[PDB]
$ cat coords.pdb   # PDB, C-alpha atoms
MODEL        1
ATOM      1  CA  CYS A   1    -105.325 -61.037  46.347
ATOM      2  CA  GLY A   2    -102.386 -62.288  44.321
ATOM      3  CA  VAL A   3    -103.669 -65.853  44.017
ATOM      4  CA  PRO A   4    -105.128 -66.764  40.585
ATOM      5  CA  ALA A   5    -107.897 -69.384  40.586
ATOM      6  CA  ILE A   6    -106.273 -70.551  37.350
ATOM      7  CA  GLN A   7    -102.549 -71.093  37.873
ATOM      8  CA  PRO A   8    -100.297 -69.475  35.257
ATOM      9  CA  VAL A   9     -97.768 -71.552  33.333
ATOM     10  CA  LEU A  10     -94.494 -69.777  32.575
ATOM     11  CA  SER A  11     -91.876 -70.837  30.010
ATOM     12  CA  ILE A  16     -94.551 -57.801  24.899
ATOM     13  CA  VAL A  17     -91.713 -58.716  22.547
ATOM     14  CA  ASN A  18     -90.438 -62.304  22.789
ATOM     15  CA  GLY A  19     -92.975 -63.213  25.452
ATOM     16  CA  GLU A  20     -95.508 -66.053  25.264
ATOM     17  CA  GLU A  21     -99.258 -66.591  25.251
ATOM     18  CA  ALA A  22    -100.670 -66.816  28.765
ATOM     19  CA  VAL A  23    -102.963 -69.519  30.090
ATOM     20  CA  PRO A  24    -106.463 -68.006  29.708
ATOM     21  CA  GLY A  25    -107.553 -66.189  32.856
ATOM     22  CA  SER A  26    -104.324 -66.948  34.735
ATOM     23  CA  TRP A  27    -103.671 -63.216  35.395
ATOM     24  CA  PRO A  28    -107.173 -62.258  36.695
ATOM     25  CA  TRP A  29    -106.169 -58.735  37.704
ATOM     26  CA  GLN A  30    -105.073 -57.798  34.173
ATOM     27  CA  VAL A  31    -107.555 -55.438  32.559
ATOM     28  CA  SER A  32    -107.644 -53.761  29.162
ATOM     29  CA  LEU A  33    -108.331 -50.020  29.020
ATOM     30  CA  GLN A  34    -110.316 -49.153  25.899
ATOM     31  CA  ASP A  35    -112.034 -46.145  24.385
ATOM     32  CA  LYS A  36    -115.752 -46.067  23.565
ATOM     33  CA  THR A  37    -115.165 -48.003  20.322
ATOM     34  CA  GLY A  38    -113.318 -50.868  21.981
ATOM     35  CA  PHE A  39    -109.830 -49.688  21.036
ATOM     36  CA  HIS A  40    -107.191 -50.996  23.467
ATOM     37  CA  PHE A  41    -104.723 -48.253  24.459
ATOM     38  CA  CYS A  42    -103.342 -49.441  27.807
ATOM     39  CA  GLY A  43    -103.396 -52.191  30.391
ATOM     40  CA  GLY A  44    -104.190 -51.950  34.087
ATOM     41  CA  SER A  45    -104.435 -53.983  37.292
ATOM     42  CA  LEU A  46    -107.439 -54.495  39.560
ATOM     43  CA  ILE A  47    -106.491 -53.889  43.208
ATOM     44  CA  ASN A  48    -110.010 -54.584  44.513
ATOM     45  CA  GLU A  49    -113.545 -54.680  43.087
ATOM     46  CA  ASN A  50    -113.843 -50.907  42.666
ATOM     47  CA  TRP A  51    -110.348 -49.727  41.767
ATOM     48  CA  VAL A  52    -107.839 -50.153  38.955
ATOM     49  CA  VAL A  53    -104.232 -48.972  39.010
ATOM     50  CA  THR A  54    -102.606 -47.936  35.730
ATOM     51  CA  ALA A  55    -100.035 -45.503  34.341
ATOM     52  CA  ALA A  56    -100.556 -41.751  34.390
ATOM     53  CA  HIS A  57     -99.244 -41.345  30.827
ATOM     54  CA  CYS A  58    -102.113 -43.507  29.544
ATOM     55  CA  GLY A  59    -104.299 -40.422  29.939
ATOM     56  CA  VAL A  60    -107.424 -42.358  30.908
ATOM     57  CA  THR A  61    -110.670 -40.341  31.130
ATOM     58  CA  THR A  62    -114.205 -41.151  32.303
ATOM     59  CA  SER A  63    -115.153 -41.804  28.667
ATOM     60  CA  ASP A  64    -112.879 -44.845  28.538
ATOM     61  CA  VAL A  65    -113.809 -48.274  29.867
ATOM     62  CA  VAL A  66    -112.179 -51.004  31.919
ATOM     63  CA  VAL A  67    -112.463 -54.473  30.405
ATOM     64  CA  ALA A  68    -111.959 -57.298  32.894
ATOM     65  CA  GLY A  69    -111.818 -61.060  32.476
ATOM     66  CA  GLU A  70    -110.504 -60.805  28.933
ATOM     67  CA  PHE A  71    -108.039 -63.111  27.199
ATOM     68  CA  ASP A  72    -108.667 -63.057  23.436
ATOM     69  CA  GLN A  73    -109.528 -59.554  22.233
ATOM     70  CA  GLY A  74    -110.299 -61.049  18.834
ATOM     71  CA  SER A  75    -113.127 -63.120  20.304
ATOM     72  CA  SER A  76    -116.481 -61.342  20.230
ATOM     73  CA  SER A  77    -118.167 -64.258  22.011
ATOM     74  CA  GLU A  78    -115.723 -64.360  24.938
ATOM     75  CA  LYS A  79    -117.406 -63.384  28.213
ATOM     76  CA  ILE A  80    -115.997 -60.209  29.733
ATOM     77  CA  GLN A  81    -116.970 -57.301  31.960
ATOM     78  CA  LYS A  82    -117.059 -53.825  30.437
ATOM     79  CA  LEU A  83    -116.846 -51.523  33.444
ATOM     80  CA  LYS A  84    -117.471 -47.784  33.279
ATOM     81  CA  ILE A  85    -115.113 -45.369  35.031
ATOM     82  CA  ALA A  86    -116.636 -43.010  37.592
ATOM     83  CA  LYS A  87    -113.522 -40.986  38.380
ATOM     84  CA  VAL A  88    -109.859 -40.797  37.416
ATOM     85  CA  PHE A  89    -107.200 -40.020  40.010
ATOM     86  CA  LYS A  90    -103.949 -39.029  38.324
ATOM     87  CA  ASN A  91    -101.087 -38.663  40.794
ATOM     88  CA  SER A  92    -100.583 -34.883  40.989
ATOM     89  CA  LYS A  93     -96.836 -35.469  41.179
ATOM     90  CA  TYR A  94     -96.693 -37.160  37.773
ATOM     91  CA  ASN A  95     -93.900 -35.398  35.887
ATOM     92  CA  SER A  96     -94.829 -35.181  32.205
ATOM     93  CA  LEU A  97     -91.224 -34.277  31.423
ATOM     94  CA  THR A  98     -89.257 -36.897  33.385
ATOM     95  CA  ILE A  99     -92.106 -39.457  33.442
ATOM     96  CA  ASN A 100     -91.589 -39.865  37.208
ATOM     97  CA  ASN A 101     -94.535 -40.837  39.455
ATOM     98  CA  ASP A 102     -96.278 -42.474  36.483
ATOM     99  CA  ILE A 103     -99.405 -43.736  38.225
ATOM    100  CA  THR A 104    -103.145 -43.194  38.057
ATOM    101  CA  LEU A 105    -106.047 -44.756  39.931
ATOM    102  CA  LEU A 106    -109.398 -45.513  38.328
ATOM    103  CA  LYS A 107    -112.550 -45.697  40.456
ATOM    104  CA  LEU A 108    -115.231 -47.792  38.749
ATOM    105  CA  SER A 109    -118.855 -46.657  38.432
ATOM    106  CA  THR A 110    -120.033 -50.209  39.066
ATOM    107  CA  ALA A 111    -117.925 -52.716  40.988
ATOM    108  CA  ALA A 112    -116.382 -55.610  39.079
ATOM    109  CA  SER A 113    -117.814 -59.058  39.797
ATOM    110  CA  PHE A 114    -114.847 -61.114  40.943
ATOM    111  CA  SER A 115    -114.652 -64.706  39.764
ATOM    112  CA  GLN A 116    -112.309 -67.414  38.513
ATOM    113  CA  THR A 117    -111.035 -65.031  35.821
ATOM    114  CA  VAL A 118    -111.397 -61.689  37.595
ATOM    115  CA  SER A 119    -109.672 -60.866  40.885
ATOM    116  CA  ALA A 120    -107.171 -58.498  42.511
ATOM    117  CA  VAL A 121    -103.394 -58.299  42.610
ATOM    118  CA  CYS A 122    -101.777 -57.590  45.973
ATOM    119  CA  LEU A 123    -100.139 -54.242  46.717
ATOM    120  CA  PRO A 124     -96.753 -54.062  48.461
ATOM    121  CA  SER A 125     -95.838 -52.142  51.603
ATOM    122  CA  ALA A 126     -93.865 -48.937  51.053
ATOM    123  CA  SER A 127     -90.980 -50.585  52.921
ATOM    124  CA  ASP A 128     -90.946 -53.811  50.901
ATOM    125  CA  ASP A 129     -87.605 -54.648  49.334
ATOM    126  CA  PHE A 130     -87.640 -56.738  46.166
ATOM    127  CA  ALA A 131     -84.047 -57.757  45.505
ATOM    128  CA  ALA A 132     -82.367 -57.225  42.163
ATOM    129  CA  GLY A 133     -82.253 -60.457  40.187
ATOM    130  CA  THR A 134     -85.680 -61.497  41.429
ATOM    131  CA  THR A 135     -87.625 -63.145  38.610
ATOM    132  CA  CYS A 136     -90.910 -61.333  38.107
ATOM    133  CA  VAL A 137     -93.559 -61.278  35.386
ATOM    134  CA  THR A 138     -95.212 -58.675  33.191
ATOM    135  CA  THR A 139     -98.325 -59.174  31.082
ATOM    136  CA  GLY A 140    -100.307 -57.343  28.427
ATOM    137  CA  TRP A 141    -101.633 -57.031  24.885
ATOM    138  CA  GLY A 142     -98.824 -54.759  23.702
ATOM    139  CA  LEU A 143     -97.048 -55.271  20.372
ATOM    140  CA  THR A 144     -95.040 -58.495  20.084
ATOM    141  CA  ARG A 145     -92.925 -56.893  17.342
ATOM    142  CA  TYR A 146     -91.912 -53.239  16.879
ATOM    143  CA  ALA A 149     -97.863 -53.778  13.469
ATOM    144  CA  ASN A 150    -101.049 -54.616  15.353
ATOM    145  CA  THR A 151    -101.464 -55.912  18.903
ATOM    146  CA  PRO A 152    -101.728 -59.648  19.622
ATOM    147  CA  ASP A 153    -105.310 -60.817  20.181
ATOM    148  CA  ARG A 154    -104.375 -63.057  23.103
ATOM    149  CA  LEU A 155    -102.829 -61.919  26.385
ATOM    150  CA  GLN A 156     -99.046 -62.316  26.530
ATOM    151  CA  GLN A 157     -96.647 -62.830  29.433
ATOM    152  CA  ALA A 158     -92.908 -62.760  30.021
ATOM    153  CA  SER A 159     -90.651 -63.581  32.956
ATOM    154  CA  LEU A 160     -87.866 -61.065  33.565
ATOM    155  CA  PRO A 161     -85.431 -60.038  36.319
ATOM    156  CA  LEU A 162     -85.541 -56.890  38.413
ATOM    157  CA  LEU A 163     -82.427 -54.794  37.820
ATOM    158  CA  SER A 164     -80.505 -52.825  40.434
ATOM    159  CA  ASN A 165     -80.613 -49.051  39.983
ATOM    160  CA  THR A 166     -76.850 -49.113  39.445
ATOM    161  CA  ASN A 167     -77.152 -51.561  36.563
ATOM    162  CA  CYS A 168     -80.131 -49.727  35.092
ATOM    163  CA  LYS A 169     -78.370 -46.375  35.198
ATOM    164  CA  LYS A 170     -75.465 -47.941  33.320
ATOM    165  CA  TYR A 171     -77.720 -47.438  30.310
ATOM    166  CA  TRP A 172     -80.339 -44.797  31.188
ATOM    167  CA  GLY A 173     -78.128 -42.672  33.425
ATOM    168  CA  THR A 174     -79.881 -39.831  35.237
ATOM    169  CA  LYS A 175     -83.179 -40.453  33.436
ATOM    170  CA  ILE A 176     -83.926 -43.033  36.153
ATOM    171  CA  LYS A 177     -85.801 -41.306  38.983
ATOM    172  CA  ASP A 178     -86.815 -42.366  42.507
ATOM    173  CA  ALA A 179     -90.311 -43.579  41.619
ATOM    174  CA  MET A 180     -88.953 -45.835  38.861
ATOM    175  CA  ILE A 181     -87.716 -49.426  38.955
ATOM    176  CA  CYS A 182     -86.104 -51.313  36.071
ATOM    177  CA  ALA A 183     -86.488 -54.878  34.852
ATOM    178  CA  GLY A 184     -85.621 -56.768  31.693
ATOM    179  CA  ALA A 185     -82.756 -56.329  29.220
ATOM    180  CA  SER A 186     -83.012 -60.111  29.296
ATOM    181  CA  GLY A 187     -84.481 -60.997  25.912
ATOM    182  CA  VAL A 188     -88.016 -59.673  26.388
ATOM    183  CA  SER A 189     -89.529 -56.185  26.360
ATOM    184  CA  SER A 190     -92.775 -54.388  27.120
ATOM    185  CA  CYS A 191     -94.001 -52.531  24.028
ATOM    186  CA  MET A 192     -96.746 -50.202  22.732
ATOM    187  CA  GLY A 193    -100.002 -51.243  24.362
ATOM    188  CA  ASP A 194     -98.455 -52.746  27.500
ATOM    189  CA  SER A 195     -98.264 -49.470  29.474
ATOM    190  CA  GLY A 196    -100.287 -49.344  32.670
ATOM    191  CA  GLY A 197    -100.046 -53.113  32.946
ATOM    192  CA  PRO A 198     -98.454 -55.042  35.838
ATOM    193  CA  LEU A 199     -94.940 -56.132  36.725
ATOM    194  CA  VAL A 200     -95.539 -58.685  39.488
ATOM    195  CA  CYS A 201     -93.301 -60.637  41.838
ATOM    196  CA  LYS A 202     -94.222 -63.160  44.524
ATOM    197  CA  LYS A 203     -94.299 -62.005  48.147
ATOM    198  CA  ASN A 204     -94.852 -64.978  50.465
ATOM    199  CA  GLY A 205     -96.258 -66.840  47.468
ATOM    200  CA  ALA A 206     -98.716 -64.103  46.470
ATOM    201  CA  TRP A 207     -98.344 -62.094  43.248
ATOM    202  CA  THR A 208     -97.690 -58.497  44.251
ATOM    203  CA  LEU A 209     -97.607 -55.385  42.062
ATOM    204  CA  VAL A 210     -94.000 -54.176  42.111
ATOM    205  CA  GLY A 211     -94.137 -52.078  38.961
ATOM    206  CA  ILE A 212     -96.421 -50.544  36.347
ATOM    207  CA  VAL A 213     -95.322 -50.691  32.687
ATOM    208  CA  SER A 214     -94.072 -47.170  31.963
ATOM    209  CA  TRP A 215     -91.338 -46.559  29.374
ATOM    210  CA  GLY A 216     -88.168 -47.821  27.748
ATOM    211  CA  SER A 217     -86.348 -48.408  24.463
ATOM    212  CA  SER A 218     -87.927 -46.442  21.605
ATOM    213  CA  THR A 219     -87.810 -49.643  19.533
ATOM    214  CA  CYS A 220     -88.749 -52.041  22.338
ATOM    215  CA  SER A 221     -85.259 -53.556  22.295
ATOM    216  CA  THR A 222     -84.991 -56.770  24.315
ATOM    217  CA  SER A 223     -81.420 -55.971  25.393
ATOM    218  CA  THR A 224     -82.304 -52.659  27.050
ATOM    219  CA  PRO A 225     -83.702 -52.187  30.584
ATOM    220  CA  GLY A 226     -87.454 -51.631  30.759
ATOM    221  CA  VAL A 227     -88.567 -48.902  33.154
ATOM    222  CA  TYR A 228     -91.580 -49.260  35.418
ATOM    223  CA  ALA A 229     -93.292 -47.043  37.964
ATOM    224  CA  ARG A 230     -91.998 -48.252  41.350
ATOM    225  CA  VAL A 231     -95.129 -49.164  43.293
ATOM    226  CA  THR A 232     -93.421 -49.215  46.717
ATOM    227  CA  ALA A 233     -92.641 -45.522  46.238
ATOM    228  CA  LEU A 234     -96.226 -44.783  45.261
ATOM    229  CA  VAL A 235     -98.328 -47.154  47.356
ATOM    230  CA  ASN A 236     -98.815 -44.704  50.228
ATOM    231  CA  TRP A 237    -100.400 -42.330  47.706
ATOM    232  CA  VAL A 238    -102.547 -45.242  46.544
ATOM    233  CA  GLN A 239    -103.757 -46.107  50.054
ATOM    234  CA  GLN A 240    -104.430 -42.459  50.890
ATOM    235  CA  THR A 241    -106.461 -42.041  47.706
ATOM    236  CA  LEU A 242    -108.595 -45.114  48.401
ATOM    237  CA  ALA A 243    -109.196 -44.078  52.015
ATOM    238  CA  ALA A 244    -110.326 -40.591  50.984
ATOM    239  CA  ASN A 245    -112.589 -41.981  48.252
TER     240      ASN A 245
ATOM    241  CA  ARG B   1     -97.069 -23.047   8.504
ATOM    242  CA  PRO B   2     -94.850 -24.015  11.456
ATOM    243  CA  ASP B   3     -91.841 -26.149  10.577
ATOM    244  CA  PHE B   4     -92.811 -28.689  13.246
ATOM    245  CA  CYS B   5     -95.541 -29.677  10.774
ATOM    246  CA  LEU B   6     -92.867 -31.168   8.525
ATOM    247  CA  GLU B   7     -91.459 -33.496  11.195
ATOM    248  CA  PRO B   8     -92.294 -37.210  11.003
ATOM    249  CA  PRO B   9     -94.622 -38.568  13.735
ATOM    250  CA  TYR B  10     -92.964 -39.301  17.077
ATOM    251  CA  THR B  11     -94.223 -42.230  19.170
ATOM    252  CA  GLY B  12     -91.921 -41.536  22.095
ATOM    253  CA  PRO B  13     -90.462 -43.857  24.796
ATOM    254  CA  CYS B  14     -93.684 -44.593  26.701
ATOM    255  CA  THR B  15     -95.666 -47.706  25.838
ATOM    256  CA  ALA B  16     -99.307 -46.687  25.642
ATOM    257  CA  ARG B  17    -101.084 -47.144  22.293
ATOM    258  CA  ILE B  18    -102.829 -43.797  21.827
ATOM    259  CA  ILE B  19    -104.223 -42.685  18.476
ATOM    260  CA  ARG B  20    -103.056 -39.202  17.509
ATOM    261  CA  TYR B  21    -102.855 -37.208  14.282
ATOM    262  CA  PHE B  22     -99.853 -35.764  12.496
ATOM    263  CA  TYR B  23     -99.605 -33.680   9.355
ATOM    264  CA  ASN B  24     -98.065 -35.540   6.420
ATOM    265  CA  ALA B  25     -96.648 -32.885   4.087
ATOM    266  CA  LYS B  26     -96.137 -35.504   1.361
ATOM    267  CA  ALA B  27     -99.865 -36.220   1.166
ATOM    268  CA  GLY B  28    -101.158 -32.842   2.302
ATOM    269  CA  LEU B  29    -103.409 -34.500   4.877
ATOM    270  CA  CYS B  30    -103.344 -35.319   8.568
ATOM    271  CA  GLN B  31    -102.912 -39.024   9.233
ATOM    272  CA  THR B  32    -103.181 -41.165  12.357
ATOM    273  CA  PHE B  33    -100.247 -42.714  14.207
ATOM    274  CA  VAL B  34     -99.601 -44.487  17.490
ATOM    275  CA  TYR B  35     -98.389 -42.193  20.271
ATOM    276  CA  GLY B  36     -96.740 -43.774  23.312
ATOM    277  CA  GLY B  37     -98.233 -41.326  25.795
ATOM    278  CA  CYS B  38     -95.273 -39.145  26.718
ATOM    279  CA  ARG B  39     -92.875 -36.560  25.300
ATOM    280  CA  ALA B  40     -95.077 -35.672  22.334
ATOM    281  CA  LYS B  41     -93.608 -33.417  19.658
ATOM    282  CA  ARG B  42     -95.739 -30.595  18.269
ATOM    283  CA  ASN B  43     -96.939 -32.435  15.143
ATOM    284  CA  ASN B  44     -99.206 -34.496  17.405
ATOM    285  CA  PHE B  45    -102.922 -33.647  17.627
ATOM    286  CA  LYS B  46    -105.972 -35.101  19.361
ATOM    287  CA  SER B  47    -108.193 -34.556  16.321
ATOM    288  CA  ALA B  48    -107.776 -34.347  12.563
ATOM    289  CA  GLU B  49    -109.428 -30.922  12.711
ATOM    290  CA  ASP B  50    -106.891 -29.478  15.181
ATOM    291  CA  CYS B  51    -104.120 -30.867  12.996
ATOM    292  CA  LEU B  52    -105.482 -29.394   9.739
ATOM    293  CA  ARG B  53    -106.127 -25.998  11.363
ATOM    294  CA  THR B  54    -102.531 -25.901  12.576
ATOM    295  CA  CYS B  55    -100.608 -27.575   9.768
ATOM    296  CA  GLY B  56    -102.868 -27.581   6.720
ATOM    297  CA  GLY B  57    -100.938 -26.684   3.591
ATOM    298  CA  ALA B  58     -97.445 -26.961   5.073
TER     299      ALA B  58
ENDMDL
END

$ encode --input "coords.pdb" --output "structure tokens"
Amino acid sequence: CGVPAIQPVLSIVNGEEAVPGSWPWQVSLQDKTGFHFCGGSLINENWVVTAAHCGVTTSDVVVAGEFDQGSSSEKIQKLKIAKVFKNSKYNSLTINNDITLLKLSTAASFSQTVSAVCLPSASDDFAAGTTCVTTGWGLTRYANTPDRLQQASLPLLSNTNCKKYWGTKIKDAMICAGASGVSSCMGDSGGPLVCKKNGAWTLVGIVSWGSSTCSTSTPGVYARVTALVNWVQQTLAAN
Amino acid sequence: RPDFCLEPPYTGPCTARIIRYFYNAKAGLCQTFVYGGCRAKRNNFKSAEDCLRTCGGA
């Protein structure tokens, strides 16, 4: 996990087009018509982690190995969802514990463009200032979504610095990043916020919420995976 | 009809891209809009039918 067969090249509003297939765990969650409503991350061949507010159901599909959503010829894997596991602690009012697991009906066939992201340990500590990356097909301007997968490098923010803007809206299962010239936007939710851990890309956050206008000078808020990974492991083990 | 039917559509702070319906009093019809996935206001419906049954004619 966490090691793309195709290395990404770095240097979402104000992000950049990603090297095709360089973020193999990135999936697109679509309805039966092919409409993209959220992103997600493969954690193994049978499970996808996304945001609880995406409201995924078994009628939706997981699309893996995609880069250009405007390309009908592009080879991808449309995977059906067997069961949805929304974290029972998801708070629809505060948006805390914004995570949901998707168990696929048929396993995904891993390859050069389809693989898993690593999960962190509940005790992992990713320092503020650490440069991480978020990816997705969300709006690039706050409009229709970009056809090609986008990426952006951004720093993790300390809770103290995040709260300087969002105050008490920042809860324990949330981690902030951004306010650095880039911003996740409509369509990016459920997608990954990854940082390297011993050289391997590890899921530190899940695109959750932020500025109502996707402002690039405001902190983006993500579901803090370290605070939710035990729930993830327990769910996989029991299913 | 409820006054919430006269409120403009509210996307919210979350970043999903979910299609929902809202009643547009100016046109007299329910139209689609992009909902972010959280903190929906009441003029937000999962189907045009639900929307028209609740806000039609406001």

$ resolve_selection --input "coords.pdb" --expression "the ChimeraX specification (/B :<7) & /A" --output "VMD selection string"
chain A and resid 41 to 42 57 to 58 96 to 97 191 to 195 214 to 218

$ resolve_selection --input "coords.pdb" --expression "the PyMOL selection byres ((chain A and resi 221-238) around 8)" --output "count of residues only"
48

$ atom_distance --input "coords.pdb" --atom1 "atom CA of residue B:56" --atom2 "atom CA of residue B:9"
15.4 Å

$ residues_around --input "coords.pdb" --residues "stretch 26-31 of chain B" --least-positions-apart "3" --cutoff "10 Å" --atoms "all atoms listed in the file" --output "JSON, numbers by chain"
{"B": [5, 6, 9, 20, 21, 22, 23, 43, 44, 45, 47, 48, 49, 50, 51, 52, 55, 56, 57, 58]}

$ resolve_selection --input "coords.pdb" --expression "the PyMOL selection byres ((chain A and resi 33) around 8)" --output "PyMOL selection string"
chain A and resi 31-32+34-35+40-44+60+64-67

$ atom_distance --input "coords.pdb" --atom1 "atom CA of residue B:42" --atom2 "atom CA of residue A:172"
24.6 Å

$ atom_distance --input "coords.pdb" --atom1 "atom CA of residue A:201" --atom2 "atom CA of residue A:112"
23.8 Å

$ closest_residue --input "coords.pdb" --among "A:51, A:39, A:94, A:71" --to "residue A:153" --atoms "all atoms listed in the file"
A:71

$ residues_around --input "coords.pdb" --residues "residue A:20" --least-positions-apart "4" --cutoff "7 Å" --atoms "all atoms listed in the file" --output "JSON, numbers by chain"
{"A": [156, 157, 158]}

$ write_last_selection --input "coords.pdb" --atoms "C-alpha atoms" --output "PDB file, keeping the file's coordinate frame"
ATOM      1  CA  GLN A 156     -99.046 -62.316  26.530  1.00  0.00           C
ATOM      2  CA  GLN A 157     -96.647 -62.830  29.433  1.00  0.00           C
ATOM      3  CA  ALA A 158     -92.908 -62.760  30.021  1.00  0.00           C
TER       4      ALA A 158
END

$ closest_residue --input "coords.pdb" --among "A:37, A:61, A:204, A:30" --to "residue A:90" --atoms "all atoms listed in the file"
A:61

$ axis_aligned_box --input "coords.pdb" --around "stretch 4-22 of chain B" --padding-each-side "6 Å" --output "lines of an AutoDock Vina configuration file"
center_x = -97.3
center_y = -38.2
center_z = 17.6
size_x = 25.8
size_y = 31.0
size_z = 30.2

$ residues_near_point --input "coords.pdb" --point "(-91.9, -60.2, 38.6)" --cutoff "8 Å" --atoms "all atoms listed in the file" --output "PyMOL selection string"
chain A and resi 134-138+159-162+199-202+210

$ closest_residue --input "coords.pdb" --among "A:6, A:80, A:99, A:244" --to "residue A:116" --atoms "only C-alpha atoms"
A:6

$ closest_residue --input "coords.pdb" --among "A:22, A:133, A:152, A:73" --to "residue A:165" --atoms "only C-alpha atoms"
A:133
